[PDB]
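# Structure at a glance
Next come the chains, spelled out residue by residue.
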Amino acid sequence: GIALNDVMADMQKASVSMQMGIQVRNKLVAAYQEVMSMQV
Amino acid sequence: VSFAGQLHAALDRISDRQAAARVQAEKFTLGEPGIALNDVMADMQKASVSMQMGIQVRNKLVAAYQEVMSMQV
Amino acid sequence: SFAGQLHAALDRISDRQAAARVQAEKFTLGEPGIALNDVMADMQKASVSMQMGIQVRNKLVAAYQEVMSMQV
Amino acid sequence: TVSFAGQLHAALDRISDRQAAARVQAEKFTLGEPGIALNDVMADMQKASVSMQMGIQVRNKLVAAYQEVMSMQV
Amino acid sequence: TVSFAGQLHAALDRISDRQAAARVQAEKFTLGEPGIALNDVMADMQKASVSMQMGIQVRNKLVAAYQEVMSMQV
Amino acid sequence: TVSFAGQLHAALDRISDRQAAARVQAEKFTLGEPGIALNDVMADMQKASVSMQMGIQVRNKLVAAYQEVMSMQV
Amino acid sequence: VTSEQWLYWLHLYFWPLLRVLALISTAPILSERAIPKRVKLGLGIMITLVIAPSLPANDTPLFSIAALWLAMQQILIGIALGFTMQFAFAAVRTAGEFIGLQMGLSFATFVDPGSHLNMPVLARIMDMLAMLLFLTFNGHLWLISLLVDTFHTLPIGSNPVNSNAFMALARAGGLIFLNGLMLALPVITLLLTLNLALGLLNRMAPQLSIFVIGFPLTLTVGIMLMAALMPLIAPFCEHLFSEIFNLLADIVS
Amino acid sequence: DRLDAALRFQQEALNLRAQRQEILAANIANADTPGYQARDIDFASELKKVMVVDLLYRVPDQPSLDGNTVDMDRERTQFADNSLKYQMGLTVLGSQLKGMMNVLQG
Amino acid sequence: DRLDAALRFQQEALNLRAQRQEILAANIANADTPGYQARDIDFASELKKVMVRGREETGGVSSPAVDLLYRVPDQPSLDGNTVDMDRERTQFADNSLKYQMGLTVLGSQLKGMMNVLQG
Amino acid sequence: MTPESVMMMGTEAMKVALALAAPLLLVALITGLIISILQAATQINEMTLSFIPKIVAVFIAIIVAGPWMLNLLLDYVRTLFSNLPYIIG
Amino acid sequence: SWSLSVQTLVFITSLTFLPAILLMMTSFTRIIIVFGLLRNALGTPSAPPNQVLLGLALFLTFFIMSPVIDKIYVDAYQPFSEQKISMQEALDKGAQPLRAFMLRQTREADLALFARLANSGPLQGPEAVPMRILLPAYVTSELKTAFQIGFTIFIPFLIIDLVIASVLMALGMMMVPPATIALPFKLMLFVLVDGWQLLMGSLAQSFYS
Amino acid sequence: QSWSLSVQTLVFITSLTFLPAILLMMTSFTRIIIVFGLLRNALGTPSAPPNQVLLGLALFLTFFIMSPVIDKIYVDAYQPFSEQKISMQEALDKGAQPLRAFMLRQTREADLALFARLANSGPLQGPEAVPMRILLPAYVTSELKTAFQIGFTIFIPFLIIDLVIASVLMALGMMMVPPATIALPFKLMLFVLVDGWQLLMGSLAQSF
Amino acid sequence: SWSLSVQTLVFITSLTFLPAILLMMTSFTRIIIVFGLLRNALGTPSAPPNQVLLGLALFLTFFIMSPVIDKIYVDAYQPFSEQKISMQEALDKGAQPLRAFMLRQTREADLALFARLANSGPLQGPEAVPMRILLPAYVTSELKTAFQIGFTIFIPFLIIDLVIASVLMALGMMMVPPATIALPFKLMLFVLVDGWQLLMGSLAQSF
Amino acid sequence: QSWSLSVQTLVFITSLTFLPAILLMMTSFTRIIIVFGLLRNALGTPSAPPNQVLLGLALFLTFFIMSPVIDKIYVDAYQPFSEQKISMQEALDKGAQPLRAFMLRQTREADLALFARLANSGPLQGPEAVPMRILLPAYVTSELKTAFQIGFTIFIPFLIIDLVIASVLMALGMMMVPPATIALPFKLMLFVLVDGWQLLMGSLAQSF
Amino acid sequence: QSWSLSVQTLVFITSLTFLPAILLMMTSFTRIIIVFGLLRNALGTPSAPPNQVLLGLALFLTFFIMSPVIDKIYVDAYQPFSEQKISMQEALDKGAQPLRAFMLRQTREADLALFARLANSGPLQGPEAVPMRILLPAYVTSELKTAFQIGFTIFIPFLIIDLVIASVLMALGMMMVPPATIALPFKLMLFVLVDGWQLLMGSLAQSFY
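Residues numbered from 1 in each chain as written, not as in the entry; some residues may be left out. Chains lettered and ligands numbered in written order. Part of a larger assembly, values for the part shown. Heavy atoms only, no water.

Method-wise, the PDB entry is recorded as coming from cryo-EM, at a reported resolution of 3.8 Å.

This brings us to the UniProt feature "transmembrane region" in chain G. Residue and element names in this part refer to chain G. The sites that carry the UniProt feature "transmembrane region" are, in the present numbering, residues 42–62, 63–83, 128–148, 172–192 and 210–230. The span residues 42–62 is 48% helical and 0% strand by assignment, and the distance between its end C-alpha atoms comes to 22 Å. The span residues 128–148 carries 90% helix and 0% strand; its end-to-end C-alpha distance comes to 27 Å. (UniProt positions renumbered as here; feature names shortened; annotations may be inferred. Helix = DSSP H or I, 4+ residues; strand = E, 2+ residues; numbered from the N terminus.)

For the rest of this paragraph, the subject is the interface of chain O and chain D. Each partner contributes residues to the interface: chain O has 15 residues there, and chain D has 14 residues. Both sides together, the interface formed by chain O and chain D hides about 1300 Å², and carbon and sulfur atoms give 67% of it. Of all residues in chain O, the largest losses of buried area upon contact with chain D belong to O:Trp3, O:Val7 and O:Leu10, amounting jointly to 37% of the total for that side. Connecting chain O to chain D are zero salt bridges. One can count two residue pairs in polar contact joining chain O with chain D. Per-element tally for the side of chain O that touches chain D: the top contributor is helix α1 (residues 5–15) of chain O, with six residues. The class makeup of the residues in the side of chain O that touches chain D is eight nonpolar, six polar and one charged. (Contact = heavy atoms within 4.5 Å. Buried area = accessible area lost by both parts, 1.4 Å probe. Salt bridge = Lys/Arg side-chain N within 4 Å of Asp/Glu carboxyl O. Polar contact = N/O pair within 3.5 Å; in protein donor to acceptor, adjacent residues only side chain to side chain. Nonpolar A, V, L, I, M, F, W, Y, C, P; charged D, E, K, R; others polar.)

Let us now look at helix α5 (residues 88–105) of chain O. For α5(O), spanning 18 residues, the distance from its first C-alpha to its last is 27 Å, which sits close to the expected 26 Å at 1.5 Å a residue. Of all the bends in α5(O), the greatest, near 30°, is centred on O:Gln97, and the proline O:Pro98 appears no more than four residues after it. O:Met88, O:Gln89, O:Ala91, O:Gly95, O:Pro98, O:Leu99, O:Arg100, O:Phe102 and O:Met103 are the residues of α5(O) that are buried. Buried residues along α5(O) sit in contact with α1 (4–30) of chain D together with α1, α2 (19–26), α4 (51–82), α7 (132–171) and α9 (196–208) of chain O. Regarding α5(O), its N-cap is O:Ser87, as a side-chain oxygen of that residue lies 3.3 Å from the backbone nitrogen of O:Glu90 further along. (Expected span 1.5 Å × (residues − 1). Bend = angle between axes of the 7 residues up to and from the residue. Buried < 20%, exposed > 50% of the residue type's maximum accessible area, 1.4 Å probe, protein only.)

So, about the nonpolar core. If you look at the biggest cluster of nonpolar residues, it comprises 472 residues, and the most contacted ones within it are K:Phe28, M:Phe28 and N:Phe148. With 26 residues, helix α8 (residues 131–170) of chain K is the largest single contributor of residues to this core. Of all hydrophobic cores here, the second largest spans 15 residues; its members include A:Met20, A:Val24, A:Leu28 and I:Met113. (Core = buried A, V, L, I, M, F, W, Y, C linked by side-chain atoms within 4.5 Å.)

Positive phi, close to 25°, is recorded for K:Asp194, a residue that is not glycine. Phi at M:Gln83 takes a positive value of approximately 60°, unusual for a residue other than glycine. Along the polypeptide, M:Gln83 turns up in the loop between α5 (79–82) and α6 (87–105).

What follows is about the interface of chain M and chain G. Counting residues at the interface gives 42 residues for chain M and 47 residues for chain G. Here chain M meets chain G over a buried area of about 3900 Å², counting both sides, of which 83% is carbon and sulfur. Together, M:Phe59, M:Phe63 and M:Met175 form the three largest contributors to the area buried by chain M at its contact with chain G, with a combined 15%. Here chain M is connected to chain G by zero salt bridges. Applying the counting rule to chain M against chain G returns three residue pairs in polar contact. Only α1 (4–16), α4 (50–77), α9 (178–192) and α10 (195–206) of chain M provide two or more residues apiece to the side of chain M that touches chain G. Looking at the side of chain M that touches chain G residue by residue, the class counts come to 32 nonpolar, ten polar and no charged.

Across the 38 pairs of chains in contact, the largest number of contacts is found between chains G and M. Separating chain H from chain J is a minimum C-alpha gap of 46 Å, and the two share no contact. The least C-alpha distance between chain C and chain K, which are not in contact, is 21 Å.

With that settled, the discussion passes to the pattern of salt bridges. In this structure the tally under the stated criterion is 30 salt bridges over all chains. With its nearest N and O atoms 3.4 Å apart, the salt bridge here joins F:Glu27 to F:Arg23. Linking F:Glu27 with F:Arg23, this pair stays in helix α1 (residues 4–31), spanning four residues, or about one helical turn. Since its relative accessible area comes to 47%, F:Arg23 is described here as partly exposed. A salt bridge links H:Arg58 to H:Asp40, with the nearest nitrogen and oxygen atoms 3.4 Å apart.

Inspection of the secondary structure puts A:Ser15 in helix α1 (residues 4–36). A:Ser15 sits in the buried class, given a relative accessible area of 6%. Each residue touching A:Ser15, except ones within four places of it in the same chain, is listed here: B:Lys60 and I:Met114.

Printed below as a string of structure tokens:
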């Protein structure tokens, strides 16, 4: 069956990919709120 | 079936393994025939490894939850 | 100018990372002439350079945000 | 007239001097110099590390104070 | 007539006296003064470390609380 | 009628009486009173240590939750 | 055993979460700053937990430009839905502000445009009345349901897109004005007549009128007129919500 | 306390091993006393009784003239075995406590 | 895809280290069995093979698709096994250190990435 | 909860506003009209002398009817806050 | 049952989600939104230094959730602490009173919508609703109720500004800001009509009704 | 009976987390800070003195007001506890008394009655029967109400100046000027010629 | 191709400048200024919320960038997958449509001024204008274009206001303010002619 | 009596934490900052000089004004401490004296009396023995009052300009012409011609 | 004599935090954005171009203005630093001189004299010996004065337009017509036909020379 070598490696990736998604969304949301907080 | 179900299944499996190792250790300490010290010690080793795996999974899972709850909305 | 200097710095950091990774890869295959201590030292130097780049990026981004938040 | 820039420069020079002295002593000890002992080398390196950590912490506190003061609405 | 600065000064001074006493006891033991036991030296050193760590934690909590109180929008 | 303060007091009491019982057992075993065994002394001390670690971890979780709730803006 | 494939779960739970949270941050009432951020995040997380297992999971890696295109698509869909919904409240605010400006409530804008002195209090009154009506008609549940439904029409997977469709949302900018006039056409008209009446008074003995007799009379008349006109917004409120909703349904596809 | 229930079995086993170790060493020490009977305890039954002591006489193997029934070989083997089992119980109890600790550390 | 490809070499090397250590432990276990030729794998060639073509299994009783080669015996033995204990324990220790090296490299890379995704 | 209830409470609210503002506005309007007709009769025309008695009249209006407004608005707010948990949906 | 190590691990992990329980399963949410809206209404966006409002909301929630906590303790925590009910059954036993409170206040339309979105079968009675349907339905109902309460709260504080602006405009003082005049009067109103006792009692009734 | 020293250290270092909460909810900080914020709003300028200065000044005022209570606590609880004459729990119980009296003296009856109604309290009896968990929210509510009462009457003179200046300006004819712009210097003049800061501190201190 | 971690760092760093890209590189400034001036024209500085105007400008910007986005997709998004071209060269190729667009929308005078501000003498060709000289010139050209469009919008509303005031004066009224009378007529003219859709059509035609 | 080195560095870092509070409540930063904000409000340009520019100017002016006090602290207190001549406690006590003297020079006796009477301090003979806990709030209050006085006085010439332009526009019949649009350029011209910035900074420095 | 690598990295990262302060108090930025803050007031539209557009335009103009100074710093100081022929201390000493000269040429003598007197500095032999603590605030003061001069001069043609339009409106008996709304489109006309933005930026750049 699946060994610790594979389990840990995929677990870490998934953590890395989730962190990347969170950071990119945070950047996009911050940019959008900066645009909408404008004064026209 | 679901993620909570999978986590519950993993916890039950780990606890069952630990309880089996503990019961075999108590049976050996009891003096009942047929139980070898080799098997007791190896099963305790396996139970410790499984506990450590569960601890690591919990640590990461908590870290990921904290990361998500920090996400800006 | 300034963008050119930033590009040069990023290129140097990435060359550091690539050299360290290639040396570790060659050492993994068992190639002779590459020692473990050199591999570890190069890896740590690459990590230090990358952390310096990250810190410089953070300071520059904070400065840009502070400048752009002024009330004209 | 006491100036804060002069004091900061003096503190940085002291930290750099301690670090350089420790580094020079370690380099000389590696080269097989007779009149240098290992315990002194390690103790000097640890003292230099402590001094540089103190400098880093003071810089962090100063930067926090400056960023708090410059974030006012006047 | 209770002054919080006075109590902070008292606690800081008490920590200082504990550290100085442990340092002087170790100093005297090193010089080979009869009547000093190694176990008591180590015990008093560890007590001094515990007192200093308690002071560090109290300072951390007070500074954090002051920064949370001092950053509210009035 | 439940009481969270009462529950915390009961838990702190449980920890404190466990620690005091282990301490008194060590007291009697050091004094030389018959009937006390060294392995029991060590086991009770380790049980008290585990209980205190339980308390420390629950404290950490509760303080973190309270700080995150109180750091929110309405 | 003990697999727990994490990438599959992450890719199944991520993109629906992105779309739901993008709608949440812009949809009216669900995007108001008074809600704590964690409440909004938890609502999005729970909605995704309910919805995602039924959807086909995507396999594009998070470390690819395809992931960036997907994220841009979800953000676009969510903000488009929320903004098209917000257009109705924009129209109500416009109508209220215009009724208030014909009240003479803020006369300083005619002399100093945008001079940090403006109080569209009627606009706020009818804006919060419109929010109360939207809450009553359960518009937010509909919004959530349509956010779910746009999957069948437009799946998570990158799909090609159209053009004049965007114009439609931009062209919805006309409705804010058009429907706005439809809310202000009766009352303003009578106010207009009142002002006309005041003109007849000024055609008599010069000066000694307007700025001394016109303002209180027109203020009281506007107050009681639109107090009587309050029962009228609710059918127009439902009309506005229906317009926004079926425009969204027609154009999102 | 629930913590006691988890560690009750190993603590009782460890205490019983220590008591039986003392009894065996008393048998060794009194090997030369004429008229001394070699006493021992049945580990399993007493462990049941404590979890839910009485001394049993050892069956003599060789008849001595002074009435001493202590046999060197039998009790030396039992002493070594009890030492080994005491070490094993210490190992198991320490492992359980260390696991309970790494669950909490963080 | 990009992150998966960047971390694939060290991950595969670490998996091959694990399989080689399983083989070496099997050799150590069978060290007193009469008529057992010691088995070992060529790490570099099998590592390149697994990278170019993905990992595969004989069945799945399951086992890897690695080529189990025979070790040349040092000195003869009447029972008929070629497990020389010095060679086994040297390869075991070397594989141990190389597996720890792989863990260190992979952990360093993953931190080197969390540092970036850390703002 | 029903839209009829929403519009009824809105209408009652804004009639309360009308009752609060009607005395002051009406007093100001009457003073302005009186000063204007006096100006027309006397053939006097300055746009500033109509502003003088208006302030005094409107300020007296709070003296006389101010307690009534303060008692009406407080009663309205009190009743609204008391009936808040019965118009929930 | 689980091993003691597993039980301790689960207990420590579950201690993390306390803010989530407070925000998404408790009265705290519609005990705050109202406070934020009221603070927006009076024109003092700082006034009660937040922390003050958070502490008041925490005490109000503790006073309001008292019967639910009592029922959980008597039915789940007491048997669990006395080794009569296992750790994996105390959670299930205690999740029922909270689920019932979560229902007593969760509207229908939301329940129907989230029963449709899950593609679940017909729910003839409330006893067939799982937590996966009740959670977001309760959250949405609480948000809507809080916003309704706040929006009927907002009306008098805008009425005062309206009448202030109209009175200022009657006399021709068109360049006087109305907000600066209205703020002291809004404070006077909120002082006079027991601003907080009435609001506190109204919120508490809004829960128990 | 006494707690172990490890338990005492744990409780003592955990209790320091509630220091901002104690200062805000339980002391005079809330009323002073609310009055100060309302006074800036009333001055015509929203952020003339930085929030930091006002926060530090409010902290000093709170310390000076509460110094008698702190002295009573030190005499009753801190001093006999530090000399190892009473336990920790009994020291806390004894030291809660002067703070309870201070909280009661400024507590509205209606607030206490309401929060006793919501806590199912039945036969209360002596003012010395109110529990801390009932007394605290009533004290907070009374403090908020009192701060609002002080603020809305602090607002009065500046409204008087604003109305007088606007009326004079418009009656004179210059109706296109912004009255607030001309009024702000006069608000500052009134605040400095009355000694507004000193008198305001005197009033805030006397309010207790 | 350089390191993946450096690529992640650069990507997340470049994500920060998204408002800068939207404002300086696209047309968003033009639509936002046109909307602000149009709002100032009708006499109501808060009739449509700033949020709604910003979102409408965002949608208009997305449509009017759709051809440039398509060119970017053809030149950068697709070949980055087939790996015929990738990395910084593909990034420059994808940025090329943005130049072409910004060259199209930029006046010659602004580019000439910003070149003589950088001492770039040998800038002879018009497709090799550096970004440093192209960007602020493009922004200034956008400001001028937006102001011109705002004045063109202003003309009819100014005419209506003047006509209303003239009729009020001719009819004998000397005290009635013409703004109150002219506001609803401004709105009925704006709605009746359907000003909004023609305005967006002209803006799209304005490129 | 001398603190051990670890305690000394703990005190040093903890004191460095309190740096903005010392700058705001013990130096001349607060008065300069308040006057600058009021001046910016007075010109009709609420955001013309960015907050960071004015904050930097106030910081430099504060450093220049407090240079004599810092020199006294260095010569009398810090220099012997750096040469290990005196301990940290006595060095801090010696360094308090010049700063207090400076703060006492710029405080009002009425505020000192208010805070002394509020704190129930016993009779104090002369300025030699006044606790810092008493002097700091009184100095802060005096600084606030002085800053408001200076700002209100500064508000006068711009008020003159606004009134004269409004009257000139009104006497011409221009009833609906707002005076702010015409007054702002002339306010800028007035401030430029009188060399306003350097004159105001010199006046602020001379008042200390 | 050279600093250690750790100290050099610490100093560099610490000095990276002062970037907005350096930009405001040492470069051209202060004069530019302030003028923009006034220009948007002169046009009658406080909204104007958005704040971020003006800030970025000022940043680009500042970079173009300081291109010679940046080039001189790069040549004289940073190039030996990269090519290892200088230390960090000597680089900091040498690179500031061109920037000090740039600051001095735009510094009014009166402000410099004021800050000398206020620091009680000794007799400065010549410009070259002026301390930075004296040159920085004096430069900021002169910068503010020059920016206000430029802004007031800018305010002129729009005042001309407003006065002419108001006089035309009043000469026709149209007394009740607010001239601001009428004159705003003509201000936009004036800024468009004369190419106001390009002319203003050219004037600013030439002013710094």
